[PDB]
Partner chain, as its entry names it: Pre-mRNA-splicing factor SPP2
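What follows is a single chain, given as structure tokens, in the form solved without the partner chain.
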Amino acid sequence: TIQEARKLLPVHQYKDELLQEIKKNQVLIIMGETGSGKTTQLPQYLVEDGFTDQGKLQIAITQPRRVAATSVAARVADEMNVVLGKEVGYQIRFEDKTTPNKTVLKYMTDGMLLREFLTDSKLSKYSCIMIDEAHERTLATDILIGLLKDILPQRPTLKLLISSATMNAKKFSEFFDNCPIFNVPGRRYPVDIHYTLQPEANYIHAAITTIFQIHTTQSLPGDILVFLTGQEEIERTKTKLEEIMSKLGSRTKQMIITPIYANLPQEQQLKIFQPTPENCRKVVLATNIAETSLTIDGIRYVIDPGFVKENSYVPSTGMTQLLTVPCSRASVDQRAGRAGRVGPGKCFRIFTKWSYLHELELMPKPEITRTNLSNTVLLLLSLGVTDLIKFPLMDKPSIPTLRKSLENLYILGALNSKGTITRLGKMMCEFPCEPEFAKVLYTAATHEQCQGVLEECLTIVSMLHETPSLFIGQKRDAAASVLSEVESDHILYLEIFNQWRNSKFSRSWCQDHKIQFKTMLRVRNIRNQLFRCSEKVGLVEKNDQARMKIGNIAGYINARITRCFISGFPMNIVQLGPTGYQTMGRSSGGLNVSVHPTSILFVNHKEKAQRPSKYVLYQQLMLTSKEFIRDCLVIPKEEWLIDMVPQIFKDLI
């Protein structure tokens, strides 16, 4: 029974003591551990009272991850026994699955409640707001904690709830005028922690052996959790795991593999949240802790390599590179505590104990100290915050981080010479995307050398959001089926969606060209969001007049698109050299990047070899044993650099 397992959670004994503490205090900090029923059961408790209204107000619950916000919202819709999106909803950056006048409690990302301040600055739609996993200290949470502190004198009726770990709840108390702290402790069972003998390279090889030693010799039921560092490694480990499982057959036992990553099908969302039968051993592959929580929570084994992917800040250029780093000592200890929720557990760590003591860091650094603040500062200037380091944030950014982020906003055109937001900067805040993607859609409709290609650029920007999950198999075998001798990666993404339109968006088209069909329905959905915002801004009407007056149905129409991305991304330009590709930027002598093997520019140099290009634009940088470049674009001539961004590129050339 899913109704009686709710009463066995640790928060239920504190239920009546919670609610009387909410009615007295405006802000309350709820100390505890993740998955103790804080995030799940407190929204049902506040709706059982009159905290919202009969139907007038709402409850907003903030999750730091995208997949945590969707998966917990479906799990609550089971316990509420309502259809997801009718009384219980979620609001992701391109998914708004909420009825406008029926949703009572909705679970949104931390970045998506920052967007809510733009339309409604006092947050008049919500009754109470709960900030879950505030101890993780993301960038969008840290700004939102600072923004909510301003409007607390200005609105007395609202209730604010900060959920955090036991270690960090005192820092939030000093920040909120000596706010009272309520403690809902998790039931702690003894977890045994195993450190391996030597330092272990190729942790995914060691992890497969660790699963099988658990699965054969340990009695049912106790389930296995493996923390994998990314979304691609979960699928590679899953596919490898049935290969060994098919070899055994029904000889020893049964193994059910359950992945948890972003944008799973609805058939997979049910399979995560169901009890295993007898003689069935569930193995769960996830990335973070907050997705793994569940009401019955039969899982009793945890395997922890100790790595996490982060978007570490790059000093030379403005943006971040996707970098995998060792987890902090506080984060590793929280992963070991996942085992002992219902019974005693065992934690197998793929790193030695000497690395646990000396090599690891004690507390993770806040995300605001090493990031690109451009999307934040543009939102803070748009919202009325005129002073940048006077704002009441609990941790302040670096001054060279903020100087680099302000001068990247000035070159992008979102700020004046004084530092005020301009009409373009007000325009970039309307679009539900990065400000550099908004500059490309602005250049495509307005710029005198570039106008007329907004409909093509809306296609390419929608494709760049869903790039890693576009195609099944190798890219080149899918690329040559679609269109041959494609020089740059952005033009390839334009051709796939255009031909998919011409087949009336059919499923049968995508199997024949080896493209994931569920991805393309996400890409078409992103385009519908970006097109409605372009009408509301008015770029669509300006696009049609530029199209009605000038029509290039020739090789210019892909030259104009190339110019639109140089104005949007002038910092992501790479120059060919004797040593190799090298970042253009004047702050550094060289970064010595290289092309990632998946992108089409690597294919053109290796197979049917063409001459390498002198200048190349990219969308994403990463450091996996050397610097890699994805979503390439060939800039065939120097003059497009000096024409489009003369501020940077007259110095360089």
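Residue numbers count along the first chain shown, from 1.
Although not depicted, the form deposited with the partner chain bound is the subject of the following passage.
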| property | result |
| --- | --- |
| Residue stretch of 195 to 203, 274 to 282, 260 to 268, 165 to 173 approaching the partner chain in the deposited complex, non-hydrogen atom distance within 4.5 Å | 195 to 203 |
| The partner chain in the deposited complex: contacted by all of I389, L402 and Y442, heavy atom 4.5 Å | yes |
| Touches the partner chain in the deposited complex: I411 (any heavy atom, 4.5 Å) | yes |
| 4.5 angstroms heavy atom contact with the partner chain in the deposited complex for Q647 | yes |
| Partner contact for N416 in the deposited complex: the partner chain, 4.5 angstroms, heavy atom | yes |
| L623: touches the partner chain in the deposited complex, heavy atom cutoff 4.5 angstroms | yes |
| Of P570, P305, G318, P435, the one that lies within 4.5 Å of the partner chain in the deposited complex (heavy atoms) | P305 |
| Selected contact from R507, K518, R187, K240, since only one has a non-hydrogen atom within 4.5 angstroms of the partner chain in the deposited complex | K240 |
| In the deposited complex: members of 507 to 542 within 4.5 Å of the partner chain, any heavy atom | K542 |
